[PDB]
């Protein structure tokens, strides 16, 4: 109302104290074209906004196995006071690191840690984006058979799968969805052999929800499409980032096309940047669970090469998810 007892602080004497933010990466690595890459692009963009550079305010520690998680988190505790665990698999290692370093702030992406004041948890309604990918897939299949390549069987990938199946069923319940899991988010060779088998069995669209394993699914679709006419091409649905640029190829009949139908978006980078800004301002949301869904555009579908009929069905499906008229299952 009033502030009679006040003192003027000159701008020459004022500063904002900065934070140092690091990501600890899951198996996919910062070149997975999807989940970990999104996180890394977000941290780089945060670093740029704060006039920082790699290993001078921000960096990444790549994990190659589960045993690496703890070592990477402990290494990050040396110079960083905001540390991101990028992947549900990092749950336990983040819990342990947050308990040993109560003075530092920790974020878990894709799962929830309870009753830890220095931990924030971020989840995405990947069922809702998956549903839209399913509607898109059902509106473009000619063979009436589509493929789903998961990374690791889990609550997280089951949301994608359950949403995708439900979305396909909402358009045409007669469509067959072949489901196979690679058992890794960093095994490209397994992605290629699963995609090869799913296409050979009559899938004309594969949705790859497997991080870096998905590079094999792109490689398989490129090989098939290179040795075929453009009108006989087979589709891939992108994940986490808009992957349209990865679907470019030249057909057998010399035509240049794109085999990316649509991409589910998961704004991991945007979350990294937004929470890093909250941490620097001393407003770190410790103990909170942050839920991103279709409503807040934390997940979305990039429509890319979908037919106008498909786009209308997507917009109708999206509107019904926001309305509450359609409840997308999580299992």
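Residue numbers count along the first chain shown, from 1. For the two forms, the rigid core is made up of the largest set of C-alpha atoms that agree within 1.5 Å on superposition.
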{"query": "Stretch with larger C-alpha RMS deviation in 4 other deposited structures of this protein, core superposed, 311 to 319 versus 21 to 29", "finding": "21 to 29"}
{"query": "Higher-B stretch (mean Cα B-factor, as the entry records it), 303 to 311 or 9 to 17", "finding": "303 to 311"}
{"query": "Mean Cα B-factor comparison, 191 to 199 or 251 to 259, giving the higher one as deposited", "finding": "251 to 259"}
{"query": "Residue with highest C-alpha B-factor in the PDB entry, from 110, 126, 244, 153", "finding": "244"}
{"query": "Out of 213, 81, 223, 121, highest CA B-factor residue", "finding": "223"}
{"query": "Relative C-alpha B-factor of residue 278, binned into the chain's lowest, middle or highest third", "finding": "lowest"}
{"query": "Ranked C-alpha temperature factor of residue 1 among modelled chain residues, by third", "finding": "lowest"}
{"query": "Residue 266 - Cα temperature factor, lowest/middle/highest third of chain", "finding": "middle"}
{"query": "Entry-reported Cα temperature factor of residue 234, expressed as the chain third it lands in", "finding": "highest"}
{"query": "Modelled-residue ranking by C-alpha temperature factor, third containing residue 64", "finding": "highest"}
